[PDB]
């Protein structure tokens, strides 16, 4: 079992048997690299070429010895990486604030949803399109919970423009 994450500020190294949030984000960067490698091979073989991080890419990460990578964990934190990509400044501020308050990782993760929904609102509530417009982010499936929140919010907003 890997050491658990804790909330850290940008650049901070976590003390003890813990990992910090810059390490978490680096894990996404590593999966991206694995995808590039799977695409290179698929194209060279004339096989169908994935455009997202799939089960195919997780098997490849494992085979390459990155045993500390697994799908359930990457899916769990994808929306946190999304915020870091889409608005780094706001990602940084939210980390600093959660650290200073002594919150746990589970709590900080829940807080990442709201600013994403707000970004969606400024782009026609189309969050699939927001993801696809960012080169780092276009290869990640939109998490269901996040898609649900954007839809709930759009229905609340249109109910409100009936005024």
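Residue numbers count along the first chain shown, from 1.
When the C-alpha B-factors of 122 to 130 and 28 to 36 are averaged, 122 to 130 comes out higher.
Between the stretches 46 to 54 and 95 to 103, it is 95 to 103 that shows the larger average CA temperature factor. Of the residues listed, 142, 21, 13, 139, the entry assigns the biggest Cα temperature factor to 13.
In the PDB entry, a CA B factor belonging to the lowest third of its chain's modelled residues is recorded for residue 41.
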